[PDB]
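Just the one chain here, laid out as structure tokens, in the form deposited in one PDB entry.
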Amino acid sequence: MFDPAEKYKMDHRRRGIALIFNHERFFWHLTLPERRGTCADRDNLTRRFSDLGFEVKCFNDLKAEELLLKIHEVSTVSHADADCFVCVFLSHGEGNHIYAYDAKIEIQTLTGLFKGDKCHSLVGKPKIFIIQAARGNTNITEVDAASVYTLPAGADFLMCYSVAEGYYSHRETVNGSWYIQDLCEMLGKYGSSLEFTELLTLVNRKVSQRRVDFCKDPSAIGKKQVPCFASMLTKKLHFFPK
């Protein structure tokens, strides 16, 4: 019968793959600013997700063709023995696009690779995309306007965004992005016990509570950050120790 507290089965041999695409610099013709602090984000995420049992694979500054080949390769291997799939993008973005080193990629192209008809072995399993991407312009805080649409996807996808329309994303050149810092803090403390959307709700609270009334750079005053997640999940999701 119907179970109001049903959970995703997370008892497979493996947790699954976590991909991280990390973009620090861009081809000069794109005239996009460097993203100092993103290496801190990459390291932070790698630790958190590997502590949760993921096989973490990171890729720095791939060209779009390279990035598409890689994510296509991952979407076509068997995930039969895995609980779930995680994909993280650390870059700049605009509308439904994220930047690779040399060109834009559509987010729907990336998520479409893992829909049921294209990736049988992930059907009914969580497919989690985490996007730190906004508009490209000693610990300095850089502030970027929200630009990437908070796009949905298929059943059992969870799309997690650093910032909503009308707000601003922040990145510290030494400590990393506000959103990734808070996400990783919460993963470290609560990742292995809390329901994951409950955890993302804590991240919403942490990030939106960061004060912007007295920034070192007076131009940044008032530029609040509010993250958000778009859930198409159909069950409760936990990452209990395997």
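Note that residue numbering begins at 1 and tracks the sequence as displayed.
Where coordinates are absent for parts of the deposited sequence, a chain break appears; between neighbours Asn137 and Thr138 it spans 10 or more residues. In this entry, the higher average B-factor at the C-alpha atoms falls on 139-147, of the pair 139-147 and 86-94. Higher mean CA temperature factor between 120-128 and 155-163: 120-128, per the PDB entry. In this structure the maximum Cα B-factor among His170, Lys104, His79, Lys115 is found at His79.
Comparing C-alpha B-factors across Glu65, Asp61, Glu195, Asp182 in the deposited entry, the largest value falls on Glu65. Placement of the Cα temperature factor of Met186 within the chain: middle third of the modelled residues, per the deposited record. When the CA B factors of the chain's modelled residues are split into thirds, the value for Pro218 lands in the highest one.
Compared with the other modelled residues of the chain, the Cα B-factor recorded for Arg42 ranks in the middle third. Annotation for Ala133: CA B-factor lies in the lowest third of the chain's modelled residues.
The deposited CA B-factor of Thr31 belongs to the highest third of values across its chain.
Same protein, other form: the form solved in complex with a partner chain, not shown, and the subject of what follows.
Contact between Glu65 and the partner chain in the entry with it bound is found at the 4.5 Å heavy atom cutoff. By the criterion of a heavy atom within 4.5 Å, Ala145 is excluded from the residues contacting the partner chain in the entry with it bound.
Contact between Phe59 and the partner chain in the entry with it bound is not found at the 4.5 Å heavy atom cutoff. Contact check for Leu113: a non-hydrogen atom falls within 4.5 Å of the partner chain in the entry with it bound.
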